[PDB]
Each structure stands twice: as structure tokens, then as C-alpha cells.
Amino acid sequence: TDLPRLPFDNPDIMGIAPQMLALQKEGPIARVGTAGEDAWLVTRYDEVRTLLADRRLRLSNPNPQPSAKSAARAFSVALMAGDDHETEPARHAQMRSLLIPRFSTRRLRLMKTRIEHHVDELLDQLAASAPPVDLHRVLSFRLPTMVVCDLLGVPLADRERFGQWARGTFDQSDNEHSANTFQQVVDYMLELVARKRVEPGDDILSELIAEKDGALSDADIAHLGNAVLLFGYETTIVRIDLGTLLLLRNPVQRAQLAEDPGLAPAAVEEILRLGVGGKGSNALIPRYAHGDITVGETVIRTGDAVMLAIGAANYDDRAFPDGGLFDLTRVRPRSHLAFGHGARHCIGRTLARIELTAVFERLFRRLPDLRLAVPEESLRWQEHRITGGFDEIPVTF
């Protein structure tokens, strides 16, 4: 008897930690220690999907004496209107009601066109440079920050100002740096709101300013803008890096995709499903039970913390035959859980798929000899950041 402790070691740079796959094999739910509170760890696809749809399991903490949290985690919960369990139902319903129409079919069709041209231009610059090149800096980072600049209606050069702010805000290792970075986000967004009140354009803050005859306050509008800025590029950057690493690991699938770019949608779904980095702490969706819930033979009690392992669930052989294998030819694959599920299902997931599809439609056709210029083991996943990620990806081509 040895209580398992998160985070689990992973000897590889990607995939699921062996200890978590071991727990998965034993059963759907296990009590584990963490750096803070003990929690229930749920690792099988069916149970994770069921619990993500269970409205008794919520982001907000119901407990009278809540355990202490890093500044980074406190910011992420507040951005999601999860910081007050008594007001979360109304505030989170309004949050989703105000953001979902900012990603209409009209907007997404226009953005798809611009995204496709931008990837062509980014890859032309890459192809014309001398290796070794940092693919993370010149491709993975540039496309999703371009998109956020477009959503917010600001010049592209603004991303050189805000491009590290998601990482800084979400640095769980340094509360002072996290708080000081978030204040920069706030000041920037409040400036932007003031500008859009007199100079609106076809962008998100302009739309919120006009919403319900201007009933929203500037603080409310800026809060929603902060969520778009801080959730809207960093995780996409990380999926471009992981997608590239996975395709480089699987030359037969890479060659299938280079030959037929019509396989890119299917490849993007496999990338999201298999794309887990390092110890994979960002592939856990955290919750608290607001009422008792039975999982298998286990009672989760009101107030218990629960870690929903969407990463492990996406590797579950029960839901994906040969769950550890990258396979472009899967017939009717189950919907993976990389965007979550249920009440907090990722609001940007259709836009994120458009970005990833546009990249992997083109990447290995435009750079057929692309490959890492360093050993994989030299690539360092950044465990202290809520969003993880690699800091550089050196390639040759």
C-alpha cells in the first residue's frame, strides 16, 4: 500500500505517465495525493465523460475553509467565473452566453481564409531560412497570436507585447510574477476597451460594447477580453508543437498526410487525442463535488476535489482500439475529450481546429524533409506553467 502522488513521472517527453495507465488498468477511480489536497483521480473515458456532464461536479470550491491555491490557479478560476460558488451559476451562464456568439460561422469563415494565407506566408519564410530554425518561435507561436490579434482587432505587432503574458499569468511557481503579469493584461485590456468605445471594428470587444444596448460595464467587458487573450492562443501553440512532434514520430502517417492533405481533419483529431506533454498535469480538468456522486463502487462526497484525466481517458483502449497508436485511418473514432465536455466545453474549439487543420494541411507538403535538429530528450516540458508546453523546437529541413 503506497498512496500514489501527482504529478507522476513520465520517462518520455509525451504520452501518459506509466503510473496513471496502471491506475487506469485497475479501475476508473482512485484516491491520490497531490501537491495540495488529496483528490479523486478518474482515468477511464466513460467515467470522465459522464462526470464532465454531471452538474453536481463544478469548477468552484464549495468548502467553508478552501485550501490555498497559487496565484496562477486563482486567476484561471476567476477568468472562468468560478471564484465564488454562490454566484458561479449565474455568472458562468452569462459568460458563455456572451462569448459563444463571438465565434459565429461568418467570423470563422473569414478567419479560415486569413489563417490559410498566413500559414502559407509563415511557411514561405521558414522554407527560405537557413537551418537550424526554432519552429516554435517562427510557426507555432505566430499563427495563434495572429488569430488573437484578429479577434481583438489590434495590430499584429501587439502580440510582441502580450505573447508571453499567458505563460507569466499561469506561472504557478512565482506568485509575484503571476500577479504582476496579470496586472499588465488588465491595463492593456482596459486601454483596448476605451479605444473600441470610440473606434469600433469587426471584433469581439466592439460586439460586447454594443451588446444589450451597452448594458455591460467596461470591467465586465475587459474581463471577457482577458479570457479570450489568456485562453485563446497559448494552448493552441502547444498543440502545434505536439502535433509536429507526433507526426515526426510516425513517418508512415506523416507520408500519408503529405500525400493527401484531405487527411488533415482526421490528423488534427489524433493530434488532440494523443497530444500530451511531459508529466501531463495540464491534461487534468479539476473539479469539486457540490453533492455526493457515486462512481463505480466509490462515493465522492460533497466538497471532495476530483481530477478528471482527459489525457488518460483519450488513451483509453476501452474507447480507442490501440489507444496509444497514432492512426489516421480510424473508422468512426469516438469524440476525444481534449476540449472537455459538458457545461464548460471549450468555447474556441472550432477556431482551434481551423488553425490546426490549416497548419497540418500544409506543413509536410511545404517542408518534406523537416525533422528535429536536436534529440527529443533535449526538449523540456515546462511543468510549472498551467499550460505546460515546450520553450523551443529546433528543426532542420
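Residue numbers here begin at 1 and follow the sequence given.
Novice: Please work out which of 229 to 237 and 180 to 188 has the higher mean CA B-factor as recorded in the PDB entry.
Specialist: Result of the comparison: 180 to 188.
Novice: Identify the stretch, either 27 to 35 or 336 to 344, whose C-alpha atoms have the larger mean B-factor according to the entry.
Specialist: If you average the C-alpha B-factors of 27 to 35 and of 336 to 344, the larger mean comes out for 27 to 35.
Novice: Going by the entry, which of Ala166, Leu284, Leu151, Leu325 has the most elevated CA B factor?
Specialist: The listed residue with the largest C-alpha B-factor is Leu325.
Novice: Among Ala93, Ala267, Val299, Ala309, which carries the highest Cα B-factor?
Specialist: In the PDB entry, the greatest C-alpha B-factor among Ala93, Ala267, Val299, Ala309 is found at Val299.
Novice: Based on the deposited C-alpha B factors for this chain, I'd like to know if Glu211 is in the lowest, middle or highest third.
Specialist: Highest third of the chain for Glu211's C-alpha B-factor.
Novice: Give the position of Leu372 by CA B-factor within its chain, expressed as the lowest, middle or highest third.
Specialist: Its C-alpha B-factor, which the entry lists for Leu372, ranks in the highest third among residues of this chain.
Novice: In terms of the CA temperature factor given in the entry, to which third of its chain does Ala358 belong: lowest, middle or highest?
Specialist: Within its chain, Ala358 is a lowest-third residue by C-alpha B-factor, going by the deposited values.
Novice: Within this chain's modelled residues, let me know which third the CA B factor of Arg49 belongs to: lowest, middle or highest.
Specialist: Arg49: CA B-factor falls in the lowest third of its chain.
Novice: Is the Cα B-factor recorded for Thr113 in the lowest, middle or highest third of its chain?
Specialist: Middle third, going by the recorded CA B-factors of the chain.
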